[PDB]
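Data block below; observations after.
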Amino acid sequence: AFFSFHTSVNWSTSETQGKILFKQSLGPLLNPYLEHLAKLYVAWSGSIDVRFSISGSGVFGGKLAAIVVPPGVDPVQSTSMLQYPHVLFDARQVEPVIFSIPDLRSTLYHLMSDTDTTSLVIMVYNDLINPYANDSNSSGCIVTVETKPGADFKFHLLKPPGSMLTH
Amino acid sequence: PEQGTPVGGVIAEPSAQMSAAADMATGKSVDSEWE
Amino acid sequence: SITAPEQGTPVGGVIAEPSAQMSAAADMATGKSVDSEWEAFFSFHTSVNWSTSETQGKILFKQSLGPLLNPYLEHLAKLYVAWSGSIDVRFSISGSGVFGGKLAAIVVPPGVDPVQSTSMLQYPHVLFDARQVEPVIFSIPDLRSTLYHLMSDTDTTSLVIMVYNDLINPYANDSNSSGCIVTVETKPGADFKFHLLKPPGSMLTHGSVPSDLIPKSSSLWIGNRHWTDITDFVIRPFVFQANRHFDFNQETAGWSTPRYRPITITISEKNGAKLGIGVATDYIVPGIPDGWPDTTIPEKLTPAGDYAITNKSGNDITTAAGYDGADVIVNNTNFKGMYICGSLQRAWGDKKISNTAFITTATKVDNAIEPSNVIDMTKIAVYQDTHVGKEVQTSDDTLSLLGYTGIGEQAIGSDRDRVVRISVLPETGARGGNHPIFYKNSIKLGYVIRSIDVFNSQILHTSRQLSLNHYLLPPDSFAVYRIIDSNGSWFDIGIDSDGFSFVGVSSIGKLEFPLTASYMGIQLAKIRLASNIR
Amino acid sequence: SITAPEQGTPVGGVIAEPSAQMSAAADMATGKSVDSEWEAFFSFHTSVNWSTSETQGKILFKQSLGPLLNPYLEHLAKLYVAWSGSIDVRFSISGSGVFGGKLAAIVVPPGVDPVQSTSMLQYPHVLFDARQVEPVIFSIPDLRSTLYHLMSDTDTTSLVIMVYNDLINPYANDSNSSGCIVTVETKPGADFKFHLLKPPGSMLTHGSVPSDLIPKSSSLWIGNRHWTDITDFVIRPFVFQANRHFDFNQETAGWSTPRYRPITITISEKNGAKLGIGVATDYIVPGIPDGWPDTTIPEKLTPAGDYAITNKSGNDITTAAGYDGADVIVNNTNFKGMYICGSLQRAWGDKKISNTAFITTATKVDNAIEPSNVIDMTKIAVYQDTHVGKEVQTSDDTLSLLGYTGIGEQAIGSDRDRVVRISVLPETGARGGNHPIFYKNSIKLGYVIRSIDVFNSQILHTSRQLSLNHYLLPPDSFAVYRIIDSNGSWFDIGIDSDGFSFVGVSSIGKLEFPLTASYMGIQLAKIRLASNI
Amino acid sequence: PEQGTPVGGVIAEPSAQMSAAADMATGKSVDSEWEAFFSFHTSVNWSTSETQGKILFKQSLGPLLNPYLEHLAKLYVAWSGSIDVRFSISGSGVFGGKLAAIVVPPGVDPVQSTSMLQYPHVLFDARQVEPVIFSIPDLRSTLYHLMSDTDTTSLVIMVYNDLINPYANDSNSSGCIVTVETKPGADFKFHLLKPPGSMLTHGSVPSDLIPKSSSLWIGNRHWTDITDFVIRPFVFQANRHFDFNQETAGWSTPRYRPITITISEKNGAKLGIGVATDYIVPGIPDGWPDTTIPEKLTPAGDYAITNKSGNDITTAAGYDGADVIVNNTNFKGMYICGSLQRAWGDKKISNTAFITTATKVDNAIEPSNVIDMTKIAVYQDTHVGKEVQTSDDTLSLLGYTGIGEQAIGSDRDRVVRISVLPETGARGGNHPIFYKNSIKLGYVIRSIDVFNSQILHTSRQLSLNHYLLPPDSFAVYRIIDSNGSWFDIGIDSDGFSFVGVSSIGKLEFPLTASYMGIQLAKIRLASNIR
Ligand SMILES: [K+]
Ligand SMILES: [K+]
Ligand SMILES: [K+]
């Protein structure tokens with residue numbers, strides 16, 4: 001019923017356009033409560049909802065993009081990846097933004113080891129700017145990622161406790 | 001009402017018939033089985 | 001223009017035609033009431049003893065779903081690429097009535113591998129007492145992420161029987177132990193169907209299950225270092241071999257094929273030279289002959305003389321009472337660690353009869369040989385007296401391994417520094433808490449009428465199948481084979497992706513050798529390979 | 001006996017027959033939009049910069065409607081010859097809060113060319129302030145006197161981004177290098193559709209669009225005269241080259257392919273010559289080898305000796321690295337501007353190792369050689385000792401070019417009377433206030449470890465594409481691109497129908513050299529090309 | 001709901017009646033027209049000599065059966081469904097012959113045995129009025145495919161009954177012309193639009209390793225065009241030879257450009273040991289040739305040839321008309337270069353160089369198949385006196401002074417390797433090949449052969465693209481000639497190329513290479529060289 005803090009990543013002025021600050025694949029590790037209940041199961045399926053924001057300043061410009069790439073693909077640090085639907089987010093933007101990561105699977109369930117799932121990447125759309133520190137170049141913009149389970153999310157296949165996973 | 005603007009910048013379409021396919025491959029039948 | 005697979009004008013038999021009265025007559029003569037009879041009865045699978053010595057949480061039975069459970073499906077499976085569906089696994093127990101003790105049943109899902117622990121009972125389990133009269137069936141459902149299974153697939157739903165409560169005899173003392181054996185049978189199940197009939201002469205693109213690595217009888221077991229029959233297993237902390245040792249990738253760090261046949265070479269000693277370097281004539285790797293032995297000499301020495309041994313104090317041994325009566329041997333012989341190799345030894349102008357050889361990988365400096373355990377085109381030593389006098393001869397020679405001159409030494413393959421490789425020596429240690437094993441042969445000696453032990457990483461049937469056939473096994477699992485001797489003492493060997501074999505106990509002991517080997521299934525390597533030694 | 005494209009005897013797939021339940025299974029497994037997912041979102045196309053230098057009324061962007069405004073349409077355009085309909089646009093500015101200014105977007109109709117004036121804002125336009133975060137969306141309609149377009153058509157409706165209010169920053173009144181990247185994203189309109197499948201391999205009569213002549217990265221830029229990497233630009237009142245220079249008609253006034261390879265020839269001399277005349281063995285024009293250098297020696301000279309250098313009227317040899325700090329060189333060599341080429345002098349009975357070549361085009365009067373402004377089969381000079389006696393020797397040579405001899409000279413291409421042609425040398429001056437450029441790279445000298453500059457009329461990719469592919473451009477127009485360095489400096493190059501690249505500035509200055517190029521569109525050659533340097 | 005505020009600051013009004021006017025000027029009628037017709041894919045000559053059981057056509061299901069799907073496949077990473085395939089035989093009515101089509105399942109790899117005909121197969125005659133259409137169904141365990149997937153349903157077509165021409169003679173090699181056309185089935189669908197520039201994480205498809213024309217095939221050892229192939233039992237090479245892992249046991253990039261070095265010697269030393277200034281492996285100059293000399297040499301003088309009998313070759317009659325050739329020059333088996341030499345104060349024109357991997361002892365070099373920074377030998381004058389001379393030298397390889405040697409890459413000892421020598425024998429009934437080339441010689445206007453483990457396009461593509469291939473598989477490449485003789489090459493995961501036939505023979509050299517998918521390495525590669 002709520003979004004939970006998962007991680008936070010930094011975005012300085014050094015990171016040029018097209019760089020990838022984040023890549024994490026779909027799974028129950030995107031939320032602590034699922035990482036807890038994953039221990040009681042061997043399979044899962046379904047989507048995760050995400051909310052992300054930037055604790056930026058007003059003097060900071062730049063812009064940042066979020067791209068749910070499908071299974072199989074590995075991304076590349078190029079602005080050609082922005083030729084694909086993507087959630088723009090400006091550093092000057094205060095209110096967070098929400099979107100889903102669907103479970104696009106050739107199978108009927110996943111296993112906890114599966115890492116060929118749908119994946120999210122945070123990619124630099126426009127370089128971050130600050131007219132002040134042209135001497136230190138150590139500006140901020142913490143970029144938080146929060147997660148909530150999708151309604152289509154559910155675990156499958158209780159494992160016996162103590163039993164090991166083959167994969 | 002929780003904070004955040006939802007945005008459909010995706011080709012996502014989470015299908016509900018795939019969750020039933022998973023409940024068919026696995027005889028799920030209950031959300032908390034230990035009960 | 002076009003004709004379907006069942007199309008053509010029929011004329012029939014020209015003198016007669018098919019009759020139904022005669023086909024009916026064969027059903028009268030027989031008991032043919034339905035086809036595919038194996039779908040109508042339970043077929044024997046195995047049987048386990050459940051004794052009072054076995055505490056709770058022990059696993060007695062463990063099989064994953066598949067067509068290798070029933071033999072009648074294992075046969076038809078050769079015609080199909082895929083399968084799907086459930087198997088029914090009947091259980092029978094005949095208790096004494098005065099006994100007590102309940103026995104659990106758990107159909108664990110796919111993706112897991114069980115453990116002997118009561119934590120497995122923190123999970124849905126059916127129970128049945130020693131006083132159970134009728135059999136119980138326990139259909140194993142096919143839970144699968146795919147739409148069909150292949151035959152190489154092994155991550156399938158499994159069923160385990162495990163001790164829920166210990167078996168109890170009120171009359172039996174704490175010392176004497178009794179038991180009741182539980183028999184297991186299988187039937188194809190109603191939703192079972194094979195899929196995708198394959199055309200014959202078709203490579204299957206992933207192979208099949210590693211079910212044919214160890215033969216089902218010990219009469220067919222011979223080592224990958226020497227051709228003789230196995231006689232016992234040997235547990236050591238590290239196991240290693242290169243020559244005929246093959247992995248599941250059909251690749252080898254050796255230089256020979258999995259077959260023993262003579263060694264044809266040519267050697268061009270110039271002057272009076274009882275030793276020289278031979279060159280390959282038959283080979284898979286350039287430079288090295290196929291069948292060349294994978295062991296060096298201990299020391300630098302000049303082969304020039306005769307045999308010699310002593311009983312630790314200069315007392316030479318010339319009789320069996322001295323050899324067997326000795327505790328250790330010095331072996332002052334000048335051609336110690338080599339192989340006798342009969343040596344036809346033909347050439348043009350060498351009318352003298354041939355003389356045996358002595359071979360190893362070693363260097364050569366004008367009279368001698370030094371131990372070099374890295375085989376090359378120049379590490380092919382021979383000492384056979386090819387009657388040379390001050391002229392190049394270039395004799396052709398064929399050699400057949402017979403014996404080993406290294407009297408008094410330890411078993412062959414026990415020292416890596418003496419074992420030969422090209423660049424990389426395959427080697428393992430204890431995976432999980434499961435110890436590796438050598439397979440033990442014996443090889444003839446020089447003039448003593450005894451023999452010396454010989455260690456082997458594989459059985460040659462295991463090497464042969466892994467050179468030709470393609471198998472799937474991740475680097476974390478084992479292909480398990482349950483060994484059963486004549487008395488019933490059993491243990492499980494597990495073969496590696498690397499090709500090495502393991503065992504789940506520190507010592508096997510002695511055991512009847514007319515023994516067998518049955519494929520139980522794939523098993524993760526952490527889990528201790530089960531055993532019952534007695 | 002007649003069969004149509006969808007006609008035949010259907011037998012099926014013998015072992016099974018296509019199931020619809022599996023195709024419906026795959027739709028739910030993957031989600032689904034209606035058969036063209038690219039029609040549903042905005043895709044990154046380009047980004048343009050807006051500094052404080054750009055005054056009010058300046059135009060930062062002009063690109064005409066077409067399928068090049070979206071990558072997915074540029075892909076499927078290759079399967080068609082016609083199109084029609086609108087494109088949706090979303091644009092934004094990655095500005096700061098401290099930045100002011102304001103920017104405007106104007107869909108001008110067909111026919112009109114815009115002007116850098118605020119009078120263009122007397123027309124409906126989308127205002128966008130630098131302080132504005134949420135993007136803004138609007139359509140570019142297809143307003144056409146025809147019923148369909150062709151891929152070459154550039155008289156379509158067009159968009160321009162125009163400075164409405166100058167950008168402001170109270171901080172940097174010393175550097176004046178502020179930012180505000182301005183991105184443009186595109187989506188197809190619902191009225192968009194392609195027409196008229198072309199057969200694959202078939203060419204278009206009206207040509208394609210010149211959008212691939214320069215690569216998108218400077219790592220791939222090499223010269224049409226020497227194979228080294230471009231390093232900077234040069235502006236001159238006249239720009240000329242013939243050898244590997246190709247116009248838009250796939251025509252070159254020179255003699256060589258757009259490649260760099262060894263040069264095979266066959267000398268034949270006698271009595272002790274060292275200065276023979278070769279003959280071609282690989283060519284496109286009869287007589288001249290493919291890849292022969294397009295430059296002639298300064299004057300008449302009798303190659304006999306070795307290198308000789310000296311400073312300003314001083315008779316002081318530059319034996320050391322005091323070559324530098326001299327600023328003038330006499331270059332007293334008897335070989336004084338030839339090209340150095342490693343040779344493989346193969347002959348029958350020579351029995352001696354080969355020697356370097358020292359080639360050029362010139363007229364062999366005697367041992368001497370006179371500068372030939374024009375090339376011919378009777379001009380192909382080579383100065384090397386092939387070890388000749390009295391009898392003829394007909395060696396095979398197979399040269400490969402390594403360096404240059406004209407130490408202390410201007411860059412190869414400055415002087416014109418030394419640059420070689422066949423008959424007519426292509427040349428271009430200023431064309432509407434825009435200045436032509438060379439592409440400058442380097443070539444190694446023979447004696448001093450330093451290198452000398454070399455001028456080029458094109459990038460070799462521009463020559464390979466114009467040698468092979470068929471493009472449209474009216475003579476009164478450019479195929480305009482925008483060059484952007486790692487900093488925020490940029491300038492638009494314009495490639496004319498003759499193959500020459502122009503520039504609007506008089507001096508480009510130094511630039512962080514990892515550069516990129518993007519196709520903006522077709523412009524007239526009269527209006528000056530935009531810049532910020 | 002997508003981001004952005006729409007604003008009608010326009011006089012635009014996109015009219016919908018103009019899109020219908022365009023559908024009237026052009027008979028559009030369908031958004032994806034390629035689904036409505038069959039498109040040419042290939043053609044095979046079915047001859048009177050090809051016997052029963054020989055496969056004419058074999059292709060697994062996928063987008064590569066149709067160009068329009070091959071074009072749209074670049075925008076996606078998944079597909080699913082059937083593709084139709086049409087056949088038109090086009091022979092005379094005096095001909096009598098019959099083919100058989102086999103749709104084999106997803107999970108087997110067929111062979112050229114008649115055991116494929118122990119399985120449901122449809123027969124169809126040479127003398128057909130109307131062409132025949134086969135739909136290849138997408139049988140699968142998954143719910144969709146990826147573009148890297150190759151275990152799919154296939155269609156095999158072989159000769160059930162040999163083709164007959166009653167008017168046949170030794171001078172009449174007539175037959176039928178079987179054209180294959182494809183159309184995507186009604187159930188074909190692409191899925192999973194990809195981001196551009198993104199690479200599949202497990203690998204792409206080896207569809208581009210051999211170019212489609214021999215006009216631009218060049219070797220990975222010498223820059224000259226291939227001429228024909230060579231079959232040998234053991235093929236091996238390190239430099240410029242890349243596997244399917246973007247890895248290399250060599251030291252130079254998959255290209256050809258000059259070799260810059262510096263040589264510092266003194267006391268009139270014509271020998272030297274150069275040091276790199278453009279490397280990828282620390283020490284070696286990134287382009288140094290991978291072959292040594294046969295023997296110890298003291299390079300002093302000039303060329304020298306005989307013919308086993310102390311004669312001397314000074315004309316193009318003895319060289320060609322010699323029993324054998326004996327190279328008695330003190331610089332033999334090394335590489336001729338252009339060698340522009342620069343040094344401050346060297347008022348002397350550059351002399352050509354002679355380079356090879358070898359040690360040095362004060363006047364003489366000895367061969368060493370190993371290479372490091374201590375083996376980079378040169379032989380140039382350099383015009384050095386008593387003191388050191390840094391001599392910035394740049395080399396361009398043009399020839400080879402090993403007149404009498406057999407071929408470069410034939411002797412494993414002469415071939416250079418850092419530590420490891422990539423090497424393969426046969427795998428199945430399939431033999432490994434070299435790609436043969438030619439390099440020029442020093443004193444003679446003739447040439448010598450050169451062996452290459454790869455075409456250079458095969459090397460650079462593997463240098464910078466991660467493809468997918470199991471170890472027990474090939475990437476097959478059908479290679480036809482101007483006449484009609486053809487054979488399949490199979491590239492191994494190690495980067496080596498194999499062939500099924502034992503001898504190739506003569507070939508009209510305007511060749512073209514296609515791609516015929518994946519094939520298990522334990523299966524004979526096809527051949528119709530005759
Ligand atoms: K003999
Ligand atoms: K010569
Ligand atoms: K020099």
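Ligands are numbered from 1 in the order shown, chains are lettered A, B, ... in the order of the structure tokens, and residues start at 1 in each chain.
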
Give me, as an mmCIF file with C-alpha atoms, in the first residue's frame, the residues of chain D touching chain C, with the criterion being at most 9 Å (counting only C-alpha atoms).
data_model
loop_
_atom_site.group_PDB
_atom_site.id
_atom_site.type_symbol
_atom_site.label_atom_id
_atom_site.label_comp_id
_atom_site.auth_asym_id
_atom_site.auth_seq_id
_atom_site.Cartn_x
_atom_site.Cartn_y
_atom_site.Cartn_z
ATOM 1 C CA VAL D 11 -0.392 -27.447 -47.917
ATOM 2 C CA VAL D 14 2.594 -31.112 -42.045
ATOM 3 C CA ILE D 15 3.426 -31.867 -38.351
#

Which residues are near ligand 1 - at most 7 Å, using only C-alpha atoms and all ligand atoms? Format: as a short mmCIF file (atom, residue, chain, number, x, y, z; two decimals) with C-alpha atoms, in the first residue's frame.
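This is the output file selection20.cif:
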data_model
loop_
_atom_site.label_atom_id
_atom_site.label_comp_id
_atom_site.auth_asym_id
_atom_site.auth_seq_id
_atom_site.Cartn_x
_atom_site.Cartn_y
_atom_site.Cartn_z
CA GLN C 345 61.35 -52.34 -33.61
CA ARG C 346 61.57 -52.70 -37.37
CA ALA C 347 64.09 -50.95 -39.62
CA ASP C 350 68.50 -54.24 -38.54
CA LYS C 351 68.44 -58.03 -38.79
CA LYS C 352 68.75 -58.36 -35.01
CA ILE C 353 65.69 -59.24 -32.97
CA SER C 354 64.00 -56.42 -31.13
#

Do you have, as JSON lines, the list of residues of chain D lying at most 9 Å from ligand 3, each with its nearest atom pair and that distance in Å to one decimal, counting only C-alpha atoms and all ligand atoms and ordered by chain then number?
{"residue": "D:307", "atom": "CA", "partner": "ligand 3", "partner_atom_place_in_ligand_line": "1 (K)", "distance": 8.4}
{"residue": "D:446", "atom": "CA", "partner": "ligand 3", "partner_atom_place_in_ligand_line": "1 (K)", "distance": 6.5}
{"residue": "D:447", "atom": "CA", "partner": "ligand 3", "partner_atom_place_in_ligand_line": "1 (K)", "distance": 5.5}
{"residue": "D:448", "atom": "CA", "partner": "ligand 3", "partner_atom_place_in_ligand_line": "1 (K)", "distance": 8.4}

Atoms kept (N, CA and C atoms) for selection, written as a CSV table (one decimal), in the first residue's frame:
chain,number,residue,atom,x,y,z
D,307,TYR,N,69.5,15.7,-47.5
D,307,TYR,CA,68.7,16.8,-46.8
D,307,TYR,C,69.7,17.9,-46.5
D,446,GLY,N,60.4,14.2,-43.6
D,446,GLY,CA,61.3,13.1,-43.8
D,446,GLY,C,62.6,13.2,-43.0
D,447,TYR,N,63.0,14.4,-42.7
D,447,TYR,CA,64.2,14.7,-42.0
D,447,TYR,C,64.0,15.0,-40.5
D,448,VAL,N,63.2,15.9,-40.2
D,448,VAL,CA,62.9,16.3,-38.8
D,448,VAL,C,61.6,15.5,-38.4

Within 8 Å of chain C, which residues of chain B show up when using only C-alpha atoms, listed as a list in words?
-> residues 25, 26 and 34 of chain B

Put those residues in a file: N, CA and C atoms, as an mmCIF file, in the first residue's frame.
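Result went into selection-v2.cif, see below:
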data_model
loop_
_atom_site.group_PDB
_atom_site.id
_atom_site.type_symbol
_atom_site.label_atom_id
_atom_site.label_comp_id
_atom_site.auth_asym_id
_atom_site.auth_seq_id
_atom_site.Cartn_x
_atom_site.Cartn_y
_atom_site.Cartn_z
ATOM 1 N N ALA B 25 0.251 -22.752 -13.459
ATOM 2 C CA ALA B 25 1.507 -23.486 -13.405
ATOM 3 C C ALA B 25 1.851 -23.893 -11.987
ATOM 4 N N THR B 26 1.381 -23.131 -11.008
ATOM 5 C CA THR B 26 1.601 -23.400 -9.601
ATOM 6 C C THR B 26 0.246 -23.366 -8.927
ATOM 7 N N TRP B 34 0.726 -21.129 4.912
ATOM 8 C CA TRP B 34 1.064 -21.702 6.212
ATOM 9 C C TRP B 34 -0.122 -21.796 7.157
#

Name the residues of region 271-370 of chain C that fall into strand (DSSP E) according to DSSP on the backbone, using the chain letters and numbers of this document, as a PyMOL selection string.
-> chain C and resi 275-280

At most 7 Å is the cut-off: for each residue in chain E with any atom that close to an atom of chain C, write down the nearest atom pair and the distance in Å rounded to one decimal, counting only C-alpha atoms, chain first then increasing number, as CSV.
residue,atom,partner,partner_atom,distance
E:105,CA,C:196,CA,6.5
E:107,CA,C:204,CA,5.7
E:108,CA,C:204,CA,4.4
E:109,CA,C:203,CA,5.5
E:110,CA,C:202,CA,5.5
E:111,CA,C:202,CA,6.9
E:115,CA,C:200,CA,5.5
E:116,CA,C:199,CA,5.6
E:118,CA,C:199,CA,6.3
E:119,CA,C:199,CA,5.5
E:120,CA,C:5,CA,5.8
E:121,CA,C:5,CA,5.9
E:122,CA,C:4,CA,5.2
E:123,CA,C:3,CA,5.4
E:124,CA,C:2,CA,4.6
E:125,CA,C:1,CA,5.3
E:128,CA,C:1,CA,5.9
E:141,CA,C:147,CA,4.8
E:142,CA,C:146,CA,5.9

Counting only C-alpha atoms, collect the residues of chain A whose closest atom lies at most 6 Å from chain C, and write them out as an MDAnalysis selection string.
-> chainID A and resid 107:109 160:166

Given a cut-off of 7 Å, what residues near ligand 2 show up using only C-alpha atoms and all ligand atoms, put as a list in words?
-> residues 345, 346, 347, 350, 351, 352, 353 and 354 of chain D; 442 and 443 of chain E

Go ahead and dump the residues you just picked, N, CA and C atoms, as an mmCIF file, in the first residue's frame.
data_model
loop_
_atom_site.group_PDB
_atom_site.id
_atom_site.type_symbol
_atom_site.label_atom_id
_atom_site.label_comp_id
_atom_site.auth_asym_id
_atom_site.auth_seq_id
_atom_site.Cartn_x
_atom_site.Cartn_y
_atom_site.Cartn_z
ATOM 1 N N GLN D 345 61.326 -2.397 -54.801
ATOM 2 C CA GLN D 345 61.890 -2.380 -56.147
ATOM 3 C C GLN D 345 62.246 -3.805 -56.545
ATOM 4 N N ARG D 346 61.281 -4.501 -57.139
ATOM 5 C CA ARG D 346 61.482 -5.860 -57.618
ATOM 6 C C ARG D 346 61.977 -5.822 -59.054
ATOM 7 N N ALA D 347 63.087 -6.507 -59.314
ATOM 8 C CA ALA D 347 63.649 -6.574 -60.653
ATOM 9 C C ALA D 347 64.434 -7.865 -60.803
ATOM 10 N N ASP D 350 68.793 -7.466 -60.061
ATOM 11 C CA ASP D 350 69.216 -6.344 -59.234
ATOM 12 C C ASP D 350 70.139 -6.821 -58.118
ATOM 13 N N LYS D 351 69.663 -7.767 -57.308
ATOM 14 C CA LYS D 351 70.456 -8.362 -56.231
ATOM 15 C C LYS D 351 70.888 -7.310 -55.215
ATOM 16 N N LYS D 352 70.012 -6.346 -54.959
ATOM 17 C CA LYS D 352 70.274 -5.314 -53.973
ATOM 18 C C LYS D 352 68.951 -4.866 -53.381
ATOM 19 N N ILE D 353 69.012 -4.382 -52.142
ATOM 20 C CA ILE D 353 67.792 -4.019 -51.444
ATOM 21 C C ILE D 353 67.183 -2.766 -52.061
ATOM 22 N N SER D 354 65.875 -2.634 -51.886
ATOM 23 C CA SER D 354 65.151 -1.507 -52.432
ATOM 24 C C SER D 354 65.542 -0.225 -51.702
ATOM 25 N N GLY E 442 60.993 -10.055 -52.524
ATOM 26 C CA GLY E 442 61.973 -8.989 -52.585
ATOM 27 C C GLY E 442 62.756 -8.923 -53.877
ATOM 28 N N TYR E 443 63.388 -10.007 -54.269
ATOM 29 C CA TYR E 443 64.215 -9.947 -55.452
ATOM 30 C C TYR E 443 63.519 -10.471 -56.692
#

Distance limit 7 Å, atoms considered: only C-alpha atoms. Which chain B residues sit that close to chain E? Return them as a PDB file with N, CA and C atoms, in the first residue's frame.
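Final output, part-v8.pdb:
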ATOM      1  N   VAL B   7       2.688   8.509 -14.362  1.00  0.00           N
ATOM      2  CA  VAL B   7       2.963   8.853 -15.751  1.00  0.00           C
ATOM      3  C   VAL B   7       3.153   7.570 -16.541  1.00  0.00           C
ATOM      4  N   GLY B   8       2.450   7.459 -17.662  1.00  0.00           N
ATOM      5  CA  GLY B   8       2.502   6.272 -18.489  1.00  0.00           C
ATOM      6  C   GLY B   8       3.507   6.368 -19.613  1.00  0.00           C
ATOM      7  N   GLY B   9       4.736   6.752 -19.287  1.00  0.00           N
ATOM      8  CA  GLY B   9       5.815   6.731 -20.255  1.00  0.00           C
ATOM      9  C   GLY B   9       6.374   5.338 -20.446  1.00  0.00           C
TER      10      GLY B   9
END
